[PDB]
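Below sits a lone chain in structure tokens, taken as the form deposited in one PDB entry.
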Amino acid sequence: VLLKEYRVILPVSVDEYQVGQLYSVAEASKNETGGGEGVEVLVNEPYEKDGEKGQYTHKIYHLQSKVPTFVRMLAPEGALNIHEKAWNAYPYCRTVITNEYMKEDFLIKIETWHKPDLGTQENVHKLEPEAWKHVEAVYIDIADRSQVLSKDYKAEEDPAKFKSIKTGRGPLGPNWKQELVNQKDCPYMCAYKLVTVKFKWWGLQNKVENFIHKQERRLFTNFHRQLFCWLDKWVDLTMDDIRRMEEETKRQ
């Protein structure tokens, strides 16, 4: 099993990131016809354990209605049931994704620490030493065009081409992180997203784990480029605003 820590350094604050990430999930899913239908909340409850106080959820995403009929007839029982278990104690969060038919043999776990630094901490997740020694650190730089697939590139989601009206932040150049250390004002943080991918069937562990990690890097990159370029849409929201928009979207 292969573990990698993606460090996403961002020119927002931790506080800002919370709001921005919630907004961006909602907003980037706002053109998907077929979103929300088939989502099933099994559990939604508070929890508390040794400093981590938060909200736990257990949700199922039924893909039966979203795939061709022959997929839904050919799929082994439960293979189209995606389980997500989530512990949100922001600035820390853990999510575990499984497949009902794969049981625990196919697993994607993301554990994130959101810290007000430039991604300089080592083993921020406090792994056992030998285990830590086998974790690759992967830096994601949202300004760097060479980290984007050409098919994914969108000028309107390019931090190198965006300046924020409300904050004047951006556009981001290759020295933006350096000018953060030499700055006294603009906030910054780093999301330390430790991703574990497990695929125990058919001796395909290596292939699938590598494919999933590549896709996760691509998604983390595109998502946070979007998140920065939407700064003007969400930087003035509070958490209460976000909860209100959630309830609003709940009516339908």
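Residue indices: 1-based, along the sequence shown. If you superpose the two forms and keep the largest set of C-alpha atoms that fall within 1.5 Å, you have the rigid core. Residues that one form lacks are left out of the comparison.
One more form of this protein, deposited in another entry, exists but is not displayed; see below.
The one residue among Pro116, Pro91, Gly78, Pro171 whose Cα position changes by 2 Å or more between the shown form and the other one, with the core held fixed by superposition, is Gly78. Remark: with the core as the superposition reference, the CA shift of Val67 between the shown form and the other one reaches 2 Å or more. Once both forms are overlaid on the rigid core, the distance between the two CA positions of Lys214 between the shown form and the other one is under 2 angstroms. A movement of the C-alpha atom of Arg244 reaching 2 angstroms or beyond is seen between the shown form and the other one when the two forms are aligned on their rigid core. Expansion of the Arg94-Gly78 CA spacing by 3 Å or more is recorded in the other form, set against this form. Between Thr57 and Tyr23, the Cα spacing is smaller in the other form than in the shown form, differing by no less than 3 Å. After fitting on the rigid core, stretches of 3+ residues whose CA atoms all move by 2 angstroms or more between the shown form and the other one lie at 28-85, 244-252.
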